[PDB]
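Right, one structure below, let's go through it.
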Number of protein chains: 2
Amino acid sequence: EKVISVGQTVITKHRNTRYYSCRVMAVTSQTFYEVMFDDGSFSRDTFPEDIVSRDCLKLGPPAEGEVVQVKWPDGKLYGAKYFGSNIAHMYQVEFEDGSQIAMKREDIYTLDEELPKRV
Amino acid sequence: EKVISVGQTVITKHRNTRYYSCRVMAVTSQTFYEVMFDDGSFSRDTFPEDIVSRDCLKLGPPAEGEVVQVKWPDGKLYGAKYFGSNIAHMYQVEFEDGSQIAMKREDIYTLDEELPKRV
């Protein structure tokens, strides 16, 4: 909605999404937090360790409705409110070079589905 | 909805979105295509040169309703249908090292707005 004009300083976004084939080595249970970001977007797969205003692994979850600061993997910080938790899964995957990482369900695609235009 | 199991080969997505401060050097007019992807998602800012099933810069736009193949910047190809065109703007921006690039409005953020969790 905001007008962008000659001479203005702005921030530009540059995507570099990568995709890799991998093998599922394990499926485990994981506690996730549900938070409403100040922008109105709602996340149900926030890691407890990504709340940086309260050390939730040491002190337990925030109170429901509590204002929290959430870190995104690139270090950007966001205001949100904590609204509860759920238990879901993490998927341990192995790459072609033998390296491994644990992934959330949202970041996994079967070999049959279209990969997103996010790249 | 699909079940992911131990021993399965899957594809995993890894974001690496970067953000940079830059200066707007020019605002120009640009013809964009409007396409409906087979997945039901609708784009209004597709570049004519990103239709790869018809060379639209040489032969003009596809017919309305025509099946097209669309390339995404990472080379992934998608089926879609062409549904018309519009004229919008491109923003020529300059980075701190003096390099420049033309950007779509969707990829530009003012210094006041929150940057997205896409990173």
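By convention here, the chains of the structure tokens are called A, B, ... in the order presented, each chain's residues are numbered starting at 1, and ligands are numbered starting at 1 in the order presented.
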
Select from range 12-114 of chain B every residue with an atom at most 10 Å from any atom of range 62-74 of chain A, then for each give the shortest pair of atoms and their distance in Å to one decimal, using only C-alpha atoms, rows by chain and rising number, as JSON lines.
```
{"residue": "B:15", "atom": "CA", "partner": "A:73", "partner_atom": "CA", "distance": 9.5}
{"residue": "B:16", "atom": "CA", "partner": "A:74", "partner_atom": "CA", "distance": 8.3}
{"residue": "B:17", "atom": "CA", "partner": "A:74", "partner_atom": "CA", "distance": 8.3}
{"residue": "B:18", "atom": "CA", "partner": "A:74", "partner_atom": "CA", "distance": 8.6}
```

Counting only C-alpha atoms, which residues of chain A sit at most 6 Å from some atom of chain B, and what is each one's closest atom pair with its distance in Å to one decimal, listed by chain and rising residue number, as JSON lines?
```
{"residue": "A:6", "atom": "CA", "partner": "B:24", "partner_atom": "CA", "distance": 5.0}
{"residue": "A:7", "atom": "CA", "partner": "B:24", "partner_atom": "CA", "distance": 5.2}
{"residue": "A:8", "atom": "CA", "partner": "B:24", "partner_atom": "CA", "distance": 5.4}
{"residue": "A:9", "atom": "CA", "partner": "B:23", "partner_atom": "CA", "distance": 4.5}
{"residue": "A:10", "atom": "CA", "partner": "B:110", "partner_atom": "CA", "distance": 4.9}
{"residue": "A:11", "atom": "CA", "partner": "B:21", "partner_atom": "CA", "distance": 4.5}
{"residue": "A:12", "atom": "CA", "partner": "B:108", "partner_atom": "CA", "distance": 4.8}
{"residue": "A:13", "atom": "CA", "partner": "B:19", "partner_atom": "CA", "distance": 4.7}
{"residue": "A:14", "atom": "CA", "partner": "B:18", "partner_atom": "CA", "distance": 5.1}
{"residue": "A:15", "atom": "CA", "partner": "B:17", "partner_atom": "CA", "distance": 4.3}
{"residue": "A:16", "atom": "CA", "partner": "B:16", "partner_atom": "CA", "distance": 5.0}
{"residue": "A:17", "atom": "CA", "partner": "B:15", "partner_atom": "CA", "distance": 4.3}
{"residue": "A:18", "atom": "CA", "partner": "B:14", "partner_atom": "CA", "distance": 5.1}
{"residue": "A:19", "atom": "CA", "partner": "B:13", "partner_atom": "CA", "distance": 4.7}
{"residue": "A:20", "atom": "CA", "partner": "B:11", "partner_atom": "CA", "distance": 5.4}
{"residue": "A:21", "atom": "CA", "partner": "B:11", "partner_atom": "CA", "distance": 4.5}
{"residue": "A:22", "atom": "CA", "partner": "B:10", "partner_atom": "CA", "distance": 5.5}
{"residue": "A:23", "atom": "CA", "partner": "B:9", "partner_atom": "CA", "distance": 4.5}
{"residue": "A:24", "atom": "CA", "partner": "B:6", "partner_atom": "CA", "distance": 5.0}
{"residue": "A:25", "atom": "CA", "partner": "B:6", "partner_atom": "CA", "distance": 5.5}
{"residue": "A:26", "atom": "CA", "partner": "B:6", "partner_atom": "CA", "distance": 5.6}
{"residue": "A:107", "atom": "CA", "partner": "B:13", "partner_atom": "CA", "distance": 5.3}
{"residue": "A:108", "atom": "CA", "partner": "B:12", "partner_atom": "CA", "distance": 4.8}
{"residue": "A:109", "atom": "CA", "partner": "B:11", "partner_atom": "CA", "distance": 5.0}
{"residue": "A:110", "atom": "CA", "partner": "B:10", "partner_atom": "CA", "distance": 4.9}
{"residue": "A:111", "atom": "CA", "partner": "B:10", "partner_atom": "CA", "distance": 5.7}
```

Contacts of residue 84 in chain A within 8 Å, only C-alpha atoms, excl. fewer than 3 positions in-chain, as JSON, numbers by chain: {"A": [33, 34, 35, 64]}

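Closest approach to residue 42 in chain B among B:82, B:97, B:87, B:29 is made by B:82 (distances from only C-alpha atoms).
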
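Per DSSP on the backbone, strand (DSSP E or B) in range 29-77 of chain B comprises residues 29, 30, 31, 32, 33, 34, 35, 36, 37, 42, 43, 44, 45, 46, 51, 67, 68, 69, 70, 71 and 77 of chain B.
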
Put those residues in a file: N, CA, C and O atoms, as a CSV table (one decimal), in the first residue's frame.
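Dumped everything to result.csv:
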```
chain,number,residue,atom,x,y,z
B,29,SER,N,8.0,1.4,-15.9
B,29,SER,CA,6.8,0.6,-16.2
B,29,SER,C,7.2,-0.8,-16.7
B,29,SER,O,8.3,-0.9,-17.4
B,30,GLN,N,6.5,-1.8,-16.4
B,30,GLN,CA,6.8,-3.2,-16.8
B,30,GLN,C,5.5,-4.0,-17.0
B,30,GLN,O,4.6,-3.9,-16.2
B,31,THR,N,5.4,-4.7,-18.1
B,31,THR,CA,4.3,-5.6,-18.4
B,31,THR,C,4.5,-6.9,-17.6
B,31,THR,O,5.6,-7.5,-17.7
B,32,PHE,N,3.5,-7.3,-16.9
B,32,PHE,CA,3.5,-8.5,-16.2
B,32,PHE,C,2.4,-9.4,-16.6
B,32,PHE,O,1.3,-9.0,-17.1
B,33,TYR,N,2.6,-10.8,-16.6
B,33,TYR,CA,1.5,-11.7,-16.9
B,33,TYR,C,0.8,-12.2,-15.6
B,33,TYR,O,1.4,-12.3,-14.6
B,34,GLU,N,-0.4,-12.5,-15.8
B,34,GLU,CA,-1.2,-13.1,-14.8
B,34,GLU,C,-1.5,-14.6,-15.1
B,34,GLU,O,-2.0,-14.9,-16.2
B,35,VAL,N,-1.0,-15.5,-14.3
B,35,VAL,CA,-1.2,-16.9,-14.5
B,35,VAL,C,-1.7,-17.6,-13.3
B,35,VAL,O,-1.4,-17.3,-12.1
B,36,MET,N,-2.6,-18.6,-13.6
B,36,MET,CA,-3.1,-19.5,-12.6
B,36,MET,C,-2.3,-20.8,-12.7
B,36,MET,O,-2.4,-21.5,-13.7
B,37,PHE,N,-1.5,-21.1,-11.6
B,37,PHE,CA,-0.8,-22.4,-11.6
B,37,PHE,C,-1.7,-23.5,-11.4
B,37,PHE,O,-2.8,-23.4,-10.8
B,42,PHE,N,-2.5,-18.1,-7.7
B,42,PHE,CA,-2.6,-17.1,-8.8
B,42,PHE,C,-1.5,-16.0,-8.7
B,42,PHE,O,-1.4,-15.3,-7.7
B,43,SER,N,-0.7,-15.8,-9.8
B,43,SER,CA,0.3,-14.8,-9.8
B,43,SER,C,0.0,-13.7,-10.7
B,43,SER,O,-0.5,-13.9,-11.8
B,44,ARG,N,0.2,-12.4,-10.2
B,44,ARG,CA,0.0,-11.3,-11.1
B,44,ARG,C,1.2,-10.6,-11.5
B,44,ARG,O,1.2,-9.5,-12.1
B,45,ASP,N,2.4,-11.1,-11.1
B,45,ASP,CA,3.7,-10.5,-11.4
B,45,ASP,C,4.7,-11.4,-12.0
B,45,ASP,O,5.9,-11.4,-11.7
B,46,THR,N,4.2,-12.3,-12.9
B,46,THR,CA,5.0,-13.1,-13.7
B,46,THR,C,5.7,-12.3,-14.9
B,46,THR,O,5.0,-11.7,-15.6
B,51,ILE,N,7.8,-17.2,-19.2
B,51,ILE,CA,7.0,-18.3,-19.9
B,51,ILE,C,8.0,-19.0,-20.8
B,51,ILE,O,8.5,-18.3,-21.7
B,67,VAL,N,-2.5,-23.1,-21.9
B,67,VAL,CA,-1.6,-23.8,-21.0
B,67,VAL,C,-0.2,-23.3,-21.3
B,67,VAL,O,0.3,-23.3,-22.5
B,68,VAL,N,0.5,-22.9,-20.2
B,68,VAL,CA,1.9,-22.5,-20.4
B,68,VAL,C,2.8,-23.2,-19.4
B,68,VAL,O,2.3,-23.7,-18.4
B,69,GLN,N,4.1,-23.2,-19.6
B,69,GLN,CA,5.1,-23.7,-18.6
B,69,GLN,C,5.8,-22.4,-18.2
B,69,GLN,O,6.3,-21.6,-19.0
B,70,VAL,N,6.0,-22.3,-16.9
B,70,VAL,CA,6.6,-21.1,-16.2
B,70,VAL,C,7.9,-21.5,-15.5
B,70,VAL,O,7.8,-22.5,-14.7
B,71,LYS,N,8.9,-20.8,-15.7
B,71,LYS,CA,10.2,-21.1,-15.0
B,71,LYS,C,10.3,-20.2,-13.8
B,71,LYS,O,10.1,-19.0,-13.8
B,77,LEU,N,10.2,-25.8,-13.1
B,77,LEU,CA,9.2,-25.5,-14.1
B,77,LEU,C,7.8,-25.9,-13.6
B,77,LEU,O,7.6,-27.0,-12.9
```

If you run DSSP on the backbone here, which positions in range 37-117 of chain A get helix (DSSP H, G or I)? Please write them as JSON, numbers by chain. {"A": [48, 49, 50, 56, 57, 58, 59, 105, 106, 107]}

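From CA of residue 59 in chain B back to CA of residue 83 in chain B, the distance works out to 16.5 Å.
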
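The gap separating CA of residue 102 in chain B from CA of residue 81 in chain B is 25.8 Å, in Å to one decimal.
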
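Distance-wise, CA of residue 90 in chain A and CA of residue 53 in chain A end up 24.1 Å apart.
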